[PDB]
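**Q** Handing you this structure, nothing more for now.
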Amino acid sequence: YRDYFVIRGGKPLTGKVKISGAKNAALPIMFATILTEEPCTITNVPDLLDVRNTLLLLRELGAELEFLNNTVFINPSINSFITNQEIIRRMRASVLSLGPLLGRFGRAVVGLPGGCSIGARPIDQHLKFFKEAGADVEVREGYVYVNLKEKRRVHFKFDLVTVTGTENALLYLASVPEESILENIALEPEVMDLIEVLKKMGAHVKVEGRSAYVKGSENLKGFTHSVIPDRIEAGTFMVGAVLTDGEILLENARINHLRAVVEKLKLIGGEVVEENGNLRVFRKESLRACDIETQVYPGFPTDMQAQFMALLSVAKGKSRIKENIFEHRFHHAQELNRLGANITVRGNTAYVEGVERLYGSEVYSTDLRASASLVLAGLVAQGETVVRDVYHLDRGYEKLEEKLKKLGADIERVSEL
Ligand SMILES: CC(=O)N[C@H]1[C@@H](OP(=O)(O)OP(=O)(O)OC[C@H]2O[C@@H](n3ccc(=O)[nH]c3=O)[C@H](O)[C@@H]2O)O[C@H](CO)[C@@H](O)[C@@H]1O[C@H](C)C(=O)O
Numbered sequence: 009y010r011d012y013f014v015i016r017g018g019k020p021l022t023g024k025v026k027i028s029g030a031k032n033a034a035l036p037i038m039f040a041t042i043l044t045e046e047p048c049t050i051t052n053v054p055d056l057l058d059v060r061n062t063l064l065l066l067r068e069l070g071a072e073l074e075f076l077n078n079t080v081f082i083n084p085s086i087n088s089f090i091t092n093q094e095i096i097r098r099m100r101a102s103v104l105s106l107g108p109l110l111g112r113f114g115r116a117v118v119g120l121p122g123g124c125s126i127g128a129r130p131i132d133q134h135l136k137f138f139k140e141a142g143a144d145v146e147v148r149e150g151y152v153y154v155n156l157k158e159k160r161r162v163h164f165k166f167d168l169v170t171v172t173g174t175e176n177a178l179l180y181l182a183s184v185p186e187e188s189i190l191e192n193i194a195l196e197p198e199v200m201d202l203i204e205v206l207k208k209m210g211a212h213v214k215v216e217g218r219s220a221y222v223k224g225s226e227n228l229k230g231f232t233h234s235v236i237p238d239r240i241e242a243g244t245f246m247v248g249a250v251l252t253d254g255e256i257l258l259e260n261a262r263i264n265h266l267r268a269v270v271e272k273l274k275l276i277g278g279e280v281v282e283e284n285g286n287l288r289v290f291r292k293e294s295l296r297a298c299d300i301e302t303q304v305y306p307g308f309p310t311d312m313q314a315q316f317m318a319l320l321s322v323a324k325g326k327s328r329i330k331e332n333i334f335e336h337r338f339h340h341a342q343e344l345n346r347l348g349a350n351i352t353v354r355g356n357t358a359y360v361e362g363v364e365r366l367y368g369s370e371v372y373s374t375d376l377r378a379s380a381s382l383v384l385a386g387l388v389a390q391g392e393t394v395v396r397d398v399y400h401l402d403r404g405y406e407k408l409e410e411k412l413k414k415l416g417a418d419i420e421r422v423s424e425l
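Per the entry's author numbering, the sequence shown starts with residue 9, numbered consecutively.
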């Protein structure tokens with residue numbers, strides 16, 4: 009659909025906002041249900057497009073389920089092992105169905121992702137892991153055909169840190185009744201949340217450094233789980249408070265999943281005060297330039313990069329923002345330039361020369377998480393900012409415009425087919 013936002017800038021964000029459950033924790037945890045025949049219940053699941061597409065895939069695979077009040081109730085009566093190309097094109101993370109399907113049936117046919125606007129994003133590490141696990145892997149008709157003659161222990165080291173690669177491996181190993189080892193894994197909070205679910209199902213998982221020791225099972229149980237809060241949504245509103253010189257109180261977020269973000273926010277001039285579990289955020293000092301490099305968790309998230317770039321576009325001084333994760337992820341830099349920013353891009357590094365003010369205009373969303381930076385800039389740009397193709401934002405945030413409106417943003421959504 010062609011829905012868009014109209015943001016009339018000039019209001020400080022003030023008040024409370026409740027942070028939703030983590031989209032990227034809910035996805036792998038939903039795919040984990042494929043590993044059991046028993047009913048599972050998942051709560052604090054956000055109602056956003058990626059979740060809806062994952063539920064559609066599970067239904068296509070044979071599951072019976074309901075999604076009500078941010079809760080997924082599922083009977084994993086999986087009777088197929090084909091994840092079609094259409095679903096993969098809609099959400100490449102559907103590749104997470106591979107590990108579970110293989111663990112359940114010993115075979116799987118999953119569409120191979122195409123390129124993405126964020127980058128080529130190949131899955132060589134996922135395929136390399138399954139080959140090392142002893143599976144026969146072949147690409148034909150644009151699908152990855154995987155066949156496993158027998159489950160055996162695996163000892164695999166990732167060549168690079170990959171979030172879903174780690175998850176896909178854990179999902180499969182949880183079904184193998186032997187002691188396996190993964191090295192150089194991702195430590196993201198969402199990966200840790202998936203791990204608790206796999207343990208609830210009956211697998212044993214020990215994390216030490218970036219190594220994971222797994223002991224799986226062929227009789228995994230059903231589970232009940234409440235997913236962790238979404239730290240990217242939390243960081244986004246924090247940035248919004250500081251950028252608009254407002255004062256907000258985030259409810260249901262976790263300070264322990266935000267260290268690198270809070271650190272950078274304070275260096276720029278913001279302040280974050282914990283009140284019980286709530287986080288009060290406001291601007292303490294005038295905005296100033298800061299250098300930022302994205303890194304795997306616990307470092308600064310690539311999913312927060314664009315948002316900080318918008319904040320820094322109006323800070324005093326020149327900021328250097330380097331991507332070590334998705335080096336190509338800078339489409340938003342030029343959209344911000346359309347608002348009067350002065351951002352340059354050279355290879356994997358962007359330089360932001362802060363300007364006194366931004367000027368509202370039409371910009372296009374293209375990244376389910378990074379495009380939140382455009383909405384943020386629209387909050388302070390002079391006049392009116394029109395954010396096109398919010399379908400992307402609908403994939404990545406739950407009720408974004410409603411939450412901003414509740415905080416005082418003069419924002420509205422125009423529904424357009
Ligand atoms: C569903 C989900 O959790 N998706 C998230 C996860 O994608 P993922 O794909 O697993 O991230 P990677 O594998 O850690 O990618 C990190 C780098 O590693 C390269 N690489 C990855 C795997 C591989 O086999 N080969 C390989 O080369 C790759 O190209 C990238 O440059 O991690 C990213 C980084 O934190 C997030 O931005 C992304 O959110 C997104 C936006 C969203 O919400 O939709």
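Every residue, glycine too, gets a C-beta built ideally from N, C-alpha and C.
(1) Can you tell me the Cα-Cα spacing of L73 and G404, whole angstroms?
(2) Is residue 6 near ligand 1, judged by its Cβ being under 7 Å from some heavy atom?
(3) When the distance is taken between beta carbons, is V59 closer than 8 Å to residue 6?
(4) If you pair each beta-carbon of the segment 318-333 with each one of the segment 257-264, do three or more pairs fall below 8 Å?
(5) With DSSP collapsed to three states, give me the class of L106.
(6) Is the number of C-beta pairs between the segment 212-224 and the segment 378-385 that are closer than 8 Å three or more?
(7) Quick check on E364: does DSSP put it in helix, strand or coil?
(8) Given the structure, does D418 come close to ligand 1, in the sense that its CB is under 7 Å from one of the ligand's heavy atoms?
(9) Are the Cβ atoms of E301 and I15 separated by less than 8 Å?
(10) Could you tell me if the beta carbon of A34 falls within a distance shorter than 7 Å of some heavy atom in ligand 1?
(11) Report yes or no: do three or more beta-carbon pairs, one from the segment 121-128 and one from the segment 59-68, lie closer than 8 Å?
(12) Pick out whichever of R354, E424, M99, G119 has its Cα sitting closest to the Cα of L106.
(13) Identify every run of the alpha helix (DSSP H) within the segment 186-216, keeping only runs that are complete inside it and at least 4 residues long; order them along the chain.
(14) Looking at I42: is its Cβ nearer than 8 Å to the Cβ of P237?
(15) In whole angstroms, what is the alpha-carbon distance linking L387 and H339?
(16) Cα separation between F113 and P197?
(17) Is any heavy atom of ligand 1 found at a distance shorter than 7 Å from the C-beta of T172?
(18) Taking DSSP's pairing of strands, which residues face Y372 in a bridge?
(19) With DSSP collapsed to three states, give me the class of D167.
(20) Out of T232, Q303, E45, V147, which one is the CA nearest neighbour of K207?
(21) On the criterion of 16 or more Cβ atoms from any shown chain inside 10 Å, does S85 qualify as buried, or is it exposed?
(22) Rounded to whole angstroms, what is the Cα-Cα separation between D132 and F138?
(23) Do the segment 267-284 and the segment 340-355 meet, that is, are 3 or more Cβ pairs less than 8 Å apart?
(24) CB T174 to CB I189, shorter than 8 Å?
(25) Residues in the same chain with beta-carbon distance under 8 Å from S373, minus the five sequence neighbours each way, listed in chain order, please.
(26) Which residues bound the beta strand (DSSP E) around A220?
(27) Does any heavy atom of ligand 1 sit closer than 7 Å to the C-beta of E301?
(28) Is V118 near ligand 1, in the sense that its beta carbon is under 7 Å from a heavy atom of that ligand?
(29) Return the CA-CA distance between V213 and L179, expressed in angstroms with no decimal places.
(30) Does the beta-carbon distance from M209 to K229 come in below 8 Å?
(31) Can you round the beta-carbon distance between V289 and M317 to whole angstroms, since I take them to be within the 8 Å contact cut?
(32) With 16 other CB atoms within 10 Å as the buried threshold, where does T352 fall?
(33) Could you tell me how far apart the beta carbons of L110 and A143 are, in whole angstroms, since I believe they sit closer than 8 Å?
(34) Within the same chain, show all residues whose beta-carbon is closer than 7 Å to that of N52, passing over the 5 residues directly before and after it, in chain order.
(35) Please report the straight-line C-alpha distance between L266 and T91, rounded to a whole angstrom.
(36) Any heavy atom of ligand 1 within a distance shorter than 7 Å of the CB on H134?
**A** From the atom records:
(1) 22 Å
(2) Summary: the structure shown does not reach residue 6, with the chain confined to residues 9 through 425, and so no result is reported for it.
(3) Examination of residue 6 is not possible in this model, given that the chain is present from 9 through 425 alone.
(4) no
(5) helix
(6) no
(7) coil
(8) no
(9) no
(10) no
(11) no
(12) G119
(13) 197-208
(14) no
(15) 19 Å
(16) 29 Å
(17) yes
(18) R396
(19) coil
(20) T232
(21) exposed
(22) 10 Å
(23) no
(24) no
(25) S379, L382, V395, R396, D397, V398, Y399, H400, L401
(26) 219-223
(27) no
(28) no
(29) 11 Å
(30) yes
(31) The Cβ separation is near 18 Å, so there is no contact.
(32) exposed
(33) 7 Å
(34) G29, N78, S234, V235
(35) 34 Å
(36) yes
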